[PDB]
Amino acid sequence: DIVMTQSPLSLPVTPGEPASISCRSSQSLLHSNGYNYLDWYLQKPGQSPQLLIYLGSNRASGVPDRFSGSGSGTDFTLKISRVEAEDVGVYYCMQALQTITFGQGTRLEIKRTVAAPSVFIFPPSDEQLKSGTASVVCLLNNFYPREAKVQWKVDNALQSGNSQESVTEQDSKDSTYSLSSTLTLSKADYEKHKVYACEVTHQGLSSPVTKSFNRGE
Amino acid sequence: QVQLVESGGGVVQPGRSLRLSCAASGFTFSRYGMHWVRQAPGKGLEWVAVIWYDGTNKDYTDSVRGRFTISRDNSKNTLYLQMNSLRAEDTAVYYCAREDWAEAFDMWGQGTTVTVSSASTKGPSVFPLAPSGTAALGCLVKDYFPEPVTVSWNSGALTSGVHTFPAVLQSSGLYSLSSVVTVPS
């Protein structure tokens, strides 16, 4: 039961600059034959994993010069010279000395300067309202970094537990994220209140931004 | 083509079964040990099972012991994973992988998706997200099962500014996603 501990979990890298990531094992991966049974994989977005480094320091076939693995025993490092867009993805280490185990992954992303979200709110459609349910949608478009907070308010009452959200992968062209949050209410509860608002907190905003509508306006 | 191709993934109820296949091409399959690896939604890689080139030395991760069986047919260049008594936590993309001399996974298939859920098939309702110097509009694709749906704009002529979000699994056991596009006001 060898536990593989990777760090950091997330690594934003400015393009052109180097990257280094760690994989530490709970016991030595150095076999008596002299090899460290440690491999590195890259899983690019939407793709299958691919082998980068085998037996600690050996580049797999087709792997660029700028990738190198080092270390021995329990402390291993993957280093990238001159990170570029094609390098983004989740990097996984793996040991094969005993029953195979993987590290939990390091996600490499492109670092850029701060971009505030553009915020949009959408009332439920009439067609959905007929059905008995009201979905209110808040869009936070093309922001950076990924960390953002949405707070739903209904007649100024803070909502909790009745929303879900998802986030796109980083856009390859402008390096931004977008986020969609959906507040779900009964039609009955929806028609008991007037002001629907989503308040957005993000580093690019000096104070939270609220977009809102009046039900029925 | 030197390639591994998984098939047989799908959507079944807990307690039911699935049989995965992995067709190898472009190399001498009978010479390689082969593995199954899986990745739950939004999670990392987890080793599942191994079988040697000659069918010996099978092994499994603990959570699938007594439920999954790995096997191979060298005359058909095919690896199998018989997945019995499926559990919700078996939901994942399953990859087959070739083990090289260095005991690294030097080739992976594209993966086959497995969903284990008590839910039953349901088409979505599609609702508009109507606009209020840039405007945003979109569609809400609500209450469907299983994954996936595909979303296009203007039959494919509108791609710039489109964001189709990852689906969320609702407490009902049904999925929902939104697709949005920003345009000039």
# chains A, B, ... in the order shown; residues from 1 in each chain; ligands from 1

call {"tool": "select_by_dssp", "arguments": {"residues": "chain B", "states": "strand (DSSP E or B)", "output": "JSON, numbers by chain"}}
result
{"B": [3, 4, 5, 6, 7, 10, 11, 12, 18, 19, 20, 21, 22, 23, 24, 25, 34, 35, 36, 37, 38, 39, 45, 46, 47, 48, 49, 50, 51, 59, 60, 68, 69, 70, 71, 72, 73, 78, 79, 80, 81, 82, 83, 92, 93, 94, 95, 96, 97, 98, 99, 105, 106, 107, 108, 112, 113, 114, 115, 116, 122, 125, 126, 127, 128, 129, 134, 135, 136, 137, 138, 139, 140, 141, 142, 143, 144, 145, 162, 163, 164, 168, 169, 175, 176, 177, 178, 179, 180, 181, 182, 183, 184]}

call {"tool": "closest_atom_pairs", "arguments": {"of": "chain B", "to": "chain A", "cutoff": "6 Å", "atoms": "only C-alpha atoms", "output": "Markdown table"}}
result
| residue | atom | partner | partner_atom | distance |
| --- | --- | --- | --- | --- |
| B:44 | CA | A:104 | CA | 5.7 |
| B:106 | CA | A:51 | CA | 5.6 |
| B:110 | CA | A:48 | CA | 5.7 |
| B:129 | CA | A:122 | CA | 5.9 |
| B:165 | CA | A:168 | CA | 5.7 |
| B:166 | CA | A:166 | CA | 6.0 |

call {"tool": "atom_distance", "arguments": {"atom1": "atom CA of residue A:130", "atom2": "atom CA of residue B:185"}}
result
29.2 Å

call {"tool": "atom_distance", "arguments": {"atom1": "atom CA of residue A:212", "atom2": "atom CA of residue B:180"}}
result
18.2 Å

call {"tool": "closest_residue", "arguments": {"among": "B:88, B:114, B:96, B:22", "to": "residue B:47", "atoms": "only C-alpha atoms"}}
result
B:96

call {"tool": "select_by_dssp", "arguments": {"residues": "stretch 14-65 of chain B", "states": "helix (DSSP H, G or I)", "output": "list in words"}}
result
residues 29, 30, 31, 62, 63 and 64 of chain B

call {"tool": "atom_distance", "arguments": {"atom1": "atom CA of residue A:129", "atom2": "atom CA of residue A:194"}}
result
15.1 Å

call {"tool": "closest_residue", "arguments": {"among": "B:38, B:58, B:31, B:163", "to": "residue B:92", "atoms": "only C-alpha atoms"}}
result
B:38

call {"tool": "residues_around", "arguments": {"residues": "residue B:64", "least_positions_apart": "6", "cutoff": "12 Å", "atoms": "only C-alpha atoms", "output": "NGL selection string"}}
result
:B and (36 or 38 or 46-49 or 70 or 81-87 or 89-90)

call {"tool": "write_last_selection", "arguments": {"atoms": "N, CA, C and O atoms", "output": "PDB file, in the first residue's frame"}}
result
ATOM      1  N   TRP B  36      -6.317  -2.731 -16.692  1.00  0.00           N
ATOM      2  CA  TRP B  36      -7.453  -1.825 -16.698  1.00  0.00           C
ATOM      3  C   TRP B  36      -7.222  -0.747 -15.654  1.00  0.00           C
ATOM      4  O   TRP B  36      -6.798  -1.041 -14.527  1.00  0.00           O
ATOM      5  N   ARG B  38      -9.127   3.137 -14.257  1.00  0.00           N
ATOM      6  CA  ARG B  38     -10.399   3.847 -14.334  1.00  0.00           C
ATOM      7  C   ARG B  38     -10.270   5.241 -13.732  1.00  0.00           C
ATOM      8  O   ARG B  38      -9.357   5.531 -12.962  1.00  0.00           O
ATOM      9  N   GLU B  46      -7.138   5.442 -11.176  1.00  0.00           N
ATOM     10  CA  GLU B  46      -7.113   4.354 -10.199  1.00  0.00           C
ATOM     11  C   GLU B  46      -6.843   3.044 -10.926  1.00  0.00           C
ATOM     12  O   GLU B  46      -7.565   2.692 -11.862  1.00  0.00           O
ATOM     13  N   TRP B  47      -5.804   2.322 -10.511  1.00  0.00           N
ATOM     14  CA  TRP B  47      -5.527   1.028 -11.134  1.00  0.00           C
ATOM     15  C   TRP B  47      -6.622   0.033 -10.751  1.00  0.00           C
ATOM     16  O   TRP B  47      -7.093   0.030  -9.611  1.00  0.00           O
ATOM     17  N   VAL B  48      -7.057  -0.803 -11.704  1.00  0.00           N
ATOM     18  CA  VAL B  48      -8.176  -1.725 -11.484  1.00  0.00           C
ATOM     19  C   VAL B  48      -7.737  -3.194 -11.506  1.00  0.00           C
ATOM     20  O   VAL B  48      -8.075  -3.958 -10.596  1.00  0.00           O
ATOM     21  N   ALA B  49      -7.000  -3.615 -12.538  1.00  0.00           N
ATOM     22  CA  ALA B  49      -6.702  -5.040 -12.682  1.00  0.00           C
ATOM     23  C   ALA B  49      -5.538  -5.256 -13.647  1.00  0.00           C
ATOM     24  O   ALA B  49      -5.263  -4.420 -14.509  1.00  0.00           O
ATOM     25  N   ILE B  70     -10.851 -10.225 -14.916  1.00  0.00           N
ATOM     26  CA  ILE B  70     -10.083  -9.862 -16.104  1.00  0.00           C
ATOM     27  C   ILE B  70      -9.723 -11.141 -16.844  1.00  0.00           C
ATOM     28  O   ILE B  70      -9.467 -12.177 -16.222  1.00  0.00           O
ATOM     29  N   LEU B  81     -12.983  -7.248 -19.435  1.00  0.00           N
ATOM     30  CA  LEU B  81     -13.243  -7.018 -18.015  1.00  0.00           C
ATOM     31  C   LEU B  81     -14.715  -7.316 -17.769  1.00  0.00           C
ATOM     32  O   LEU B  81     -15.591  -6.592 -18.254  1.00  0.00           O
ATOM     33  N   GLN B  82     -14.983  -8.405 -17.063  1.00  0.00           N
ATOM     34  CA  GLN B  82     -16.344  -8.768 -16.694  1.00  0.00           C
ATOM     35  C   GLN B  82     -16.642  -8.100 -15.361  1.00  0.00           C
ATOM     36  O   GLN B  82     -16.043  -8.444 -14.341  1.00  0.00           O
ATOM     37  N   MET B  83     -17.579  -7.162 -15.366  1.00  0.00           N
ATOM     38  CA  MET B  83     -17.886  -6.346 -14.198  1.00  0.00           C
ATOM     39  C   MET B  83     -19.249  -6.780 -13.672  1.00  0.00           C
ATOM     40  O   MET B  83     -20.278  -6.347 -14.193  1.00  0.00           O
ATOM     41  N   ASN B  84     -19.256  -7.629 -12.647  1.00  0.00           N
ATOM     42  CA  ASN B  84     -20.489  -8.072 -12.006  1.00  0.00           C
ATOM     43  C   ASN B  84     -20.776  -7.248 -10.753  1.00  0.00           C
ATOM     44  O   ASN B  84     -19.891  -6.582 -10.206  1.00  0.00           O
ATOM     45  N   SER B  85     -22.041  -7.299 -10.315  1.00  0.00           N
ATOM     46  CA  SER B  85     -22.500  -6.679  -9.064  1.00  0.00           C
ATOM     47  C   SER B  85     -22.017  -5.235  -8.961  1.00  0.00           C
ATOM     48  O   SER B  85     -21.359  -4.826  -7.998  1.00  0.00           O
ATOM     49  N   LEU B  86     -22.346  -4.465  -9.988  1.00  0.00           N
ATOM     50  CA  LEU B  86     -21.833  -3.110 -10.072  1.00  0.00           C
ATOM     51  C   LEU B  86     -22.383  -2.249  -8.940  1.00  0.00           C
ATOM     52  O   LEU B  86     -23.517  -2.428  -8.483  1.00  0.00           O
ATOM     53  N   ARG B  87     -21.547  -1.315  -8.479  1.00  0.00           N
ATOM     54  CA  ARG B  87     -21.896  -0.338  -7.460  1.00  0.00           C
ATOM     55  C   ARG B  87     -21.831   1.061  -8.054  1.00  0.00           C
ATOM     56  O   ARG B  87     -21.133   1.307  -9.038  1.00  0.00           O
ATOM     57  N   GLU B  89     -20.239   3.533  -7.060  1.00  0.00           N
ATOM     58  CA  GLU B  89     -18.870   4.036  -7.053  1.00  0.00           C
ATOM     59  C   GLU B  89     -17.987   3.402  -8.125  1.00  0.00           C
ATOM     60  O   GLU B  89     -16.809   3.765  -8.226  1.00  0.00           O
ATOM     61  N   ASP B  90     -18.518   2.472  -8.922  1.00  0.00           N
ATOM     62  CA  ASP B  90     -17.830   1.965 -10.107  1.00  0.00           C
ATOM     63  C   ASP B  90     -18.016   2.865 -11.321  1.00  0.00           C
ATOM     64  O   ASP B  90     -17.426   2.595 -12.377  1.00  0.00           O
TER      65      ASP B  90
END

call {"tool": "closest_residue", "arguments": {"among": "B:19, B:35, B:43, B:122", "to": "residue B:4", "atoms": "only C-alpha atoms"}}
result
B:35

call {"tool": "residues_around", "arguments": {"residues": "residue B:75", "least_positions_apart": "4", "cutoff": "12 Å", "atoms": "only C-alpha atoms", "output": "compact mmCIF listing (two decimals) with N, CA, C and O atoms, in the first residue's frame"}}
result
# COMPACT_ATOMS: atom_id res chain seq x y z
N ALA B 23 -9.90 -4.14 -27.88
CA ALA B 23 -9.32 -4.68 -29.10
C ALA B 23 -7.95 -4.05 -29.34
O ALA B 23 -7.85 -2.83 -29.50
N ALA B 24 -6.91 -4.88 -29.38
CA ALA B 24 -5.56 -4.42 -29.67
C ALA B 24 -5.25 -4.57 -31.15
O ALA B 24 -5.65 -5.55 -31.77
N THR B 28 2.12 -7.23 -31.34
CA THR B 28 1.96 -8.64 -30.96
C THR B 28 1.37 -8.71 -29.56
O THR B 28 2.07 -8.77 -28.56
N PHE B 29 0.04 -8.72 -29.52
CA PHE B 29 -0.72 -8.67 -28.27
C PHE B 29 -0.31 -9.78 -27.31
O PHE B 29 -0.24 -9.57 -26.09
N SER B 30 -0.02 -10.97 -27.83
CA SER B 30 0.31 -12.12 -27.00
C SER B 30 1.58 -11.93 -26.18
O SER B 30 1.85 -12.76 -25.31
N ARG B 31 2.37 -10.90 -26.44
CA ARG B 31 3.62 -10.69 -25.72
C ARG B 31 3.51 -9.73 -24.54
O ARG B 31 4.47 -9.60 -23.78
N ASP B 54 0.29 -14.38 -20.74
CA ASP B 54 -0.20 -15.74 -20.88
C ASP B 54 -1.47 -16.01 -20.07
O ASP B 54 -1.88 -17.17 -19.97
N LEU B 79 -8.71 -8.05 -24.85
CA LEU B 79 -8.72 -8.09 -23.39
C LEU B 79 -10.14 -7.83 -22.90
O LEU B 79 -10.88 -7.06 -23.50
